[PDB]
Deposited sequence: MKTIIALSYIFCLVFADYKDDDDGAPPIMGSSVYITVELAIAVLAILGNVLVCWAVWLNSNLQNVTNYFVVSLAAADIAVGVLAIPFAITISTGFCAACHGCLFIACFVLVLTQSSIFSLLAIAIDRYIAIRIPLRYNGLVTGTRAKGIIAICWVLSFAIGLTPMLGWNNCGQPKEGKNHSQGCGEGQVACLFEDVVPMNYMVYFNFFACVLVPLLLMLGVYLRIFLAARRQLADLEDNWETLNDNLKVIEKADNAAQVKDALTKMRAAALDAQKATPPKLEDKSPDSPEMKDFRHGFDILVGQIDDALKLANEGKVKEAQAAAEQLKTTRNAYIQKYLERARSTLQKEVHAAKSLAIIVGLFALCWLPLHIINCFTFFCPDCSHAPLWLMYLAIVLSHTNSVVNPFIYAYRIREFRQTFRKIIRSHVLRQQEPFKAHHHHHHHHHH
């Protein structure tokens, strides 16, 4: 006996087709927004586009291939291997794009004055092409001989009535589990995911250190200003001015040049007076500094804080994407670890296998939602496309 397999199969196929439709629609919208709006045309979004192209291919190719391989149909083993492994190419390309985004945002926060010269559109395109080539090589490695085509399941192949050179096309009969666990999961997925966690940690720490340094320079300027006011010795005001000059030159190195020239000029004026013994003439000259800091230094410090907060909010938005990739793909990899490392364990049931596959495919739908919710420039362009082109 047993429930007709077509019943559970019809649920699985319908759900896969629903995911395919949404993965295509949302990611086409991402590509159309970057094409239309020049504000979205930057190196970071070229990797966003490469990632959207990989998710479009999940809907157009990997999902029809997943439906085909679920039937266990008779096929030449290398044809079967191509259908089984093509999704691993798209997943590897997604990992390289995510890793590129992380390093791009790290270079922007650590060396912003050298960013536009080091990270160019031409260099990004070249990196995108190399990454797509490497993804085909990694994902299709079983086709080079690391496969179970040489050890066919004779009982399964006669039961389904396959011909000569043909196998019943089932993922776990043709793709070796040692490839899936050691090579694909540990080396190609887990290692870059941990590298990305490291890069994001370094982004947040760099921003936190840069923000604390800005605030320190600001309080150093205001503290020593009060030290000059409540002083009595010419060398006492001379020490507070020398400590202000250092904090002023460090704030400049982190219309703009005009405001700092007035400030450093005024410090140098009040310094020459203090060095000549004129303490009261120095203290009155230092009282003028309060007008310069309120008219130029407070505005520059506020704009530098706002830019850094924007980079932190943008780094968090992109980290959510890496987190959702990990959440959607880890169950399938973890199930494979149990199949491989625990031979005394019952194999995970069929319904759980197909639920883990469906969840990994759901990852190809989620990114356009993160862009729409967390990035204003994508959100506004999405609204323009829908309100005018669709409506």
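query = What residue ranges of the deposited sequence are absent from the coordinates?
reply = Gaps vs deposited seq, in order: 1-22, 277-292, 430-447.
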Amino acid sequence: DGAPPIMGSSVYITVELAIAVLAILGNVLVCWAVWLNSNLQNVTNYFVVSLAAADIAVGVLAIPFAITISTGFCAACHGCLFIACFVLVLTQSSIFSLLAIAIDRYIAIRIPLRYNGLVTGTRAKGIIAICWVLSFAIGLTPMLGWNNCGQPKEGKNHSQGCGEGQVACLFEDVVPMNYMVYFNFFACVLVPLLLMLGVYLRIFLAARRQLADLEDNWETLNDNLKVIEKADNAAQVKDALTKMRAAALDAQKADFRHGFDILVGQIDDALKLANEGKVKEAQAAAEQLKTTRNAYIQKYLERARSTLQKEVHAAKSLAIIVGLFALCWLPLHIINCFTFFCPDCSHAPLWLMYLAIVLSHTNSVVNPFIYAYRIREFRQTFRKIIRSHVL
From here on, numbers count along this sequence of modelled residues.
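At least a third of the other entries leave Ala248 unmodelled: No: coordinates for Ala248 present in every compared entry.
Next on the checklist: Per the record, averaged over C-alpha atoms, which has the higher B-factor: 87-95 or 106-114?
Outcome noted: The stretch with the larger average C-alpha B-factor is 106-114.
Decide which of the stretches 70-78 and 236-244 has the higher mean C-alpha B-factor, going by the entry.
The entry gives the higher C-alpha B-factor average to 236-244.
Residue selected from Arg202, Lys280, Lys125, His313 by maximal Cα B factor = When the deposited C-alpha B-factors of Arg202, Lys280, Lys125, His313 are compared, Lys280 is largest.
| When the CA B-factors of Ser135, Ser317, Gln288, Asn184 are compared as recorded in the entry, which is the largest? | In the PDB entry, the greatest C-alpha B-factor among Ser135, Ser317, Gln288, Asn184 is found at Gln288.
Next on the checklist: Test of reading the entry: by CA B factor among the chain's modelled residues, which third contains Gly198?
Outcome noted: Middle third, going by the recorded CA B-factors of the chain.
* Could you look up the Cα B-factor of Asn147 in the entry and say which third of the chain it sits in: lowest, middle or highest? => According to the entry, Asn147 has a C-alpha B-factor in the chain's lowest third.
Taking the chain's C-alpha temperature factors as the reference, tell me which third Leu301 falls into: lowest, middle or highest. CA B-factor rank for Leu301: highest third.
Position of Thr141 among the chain's modelled residues by C-alpha B-factor, lowest, middle or highest third
Its C-alpha B-factor, which the entry lists for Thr141, ranks in the lowest third among residues of this chain.
Ranked C-alpha temperature factor of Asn178 among modelled chain residues, by third: Answer is lowest: the recorded C-alpha B-factor places it there.
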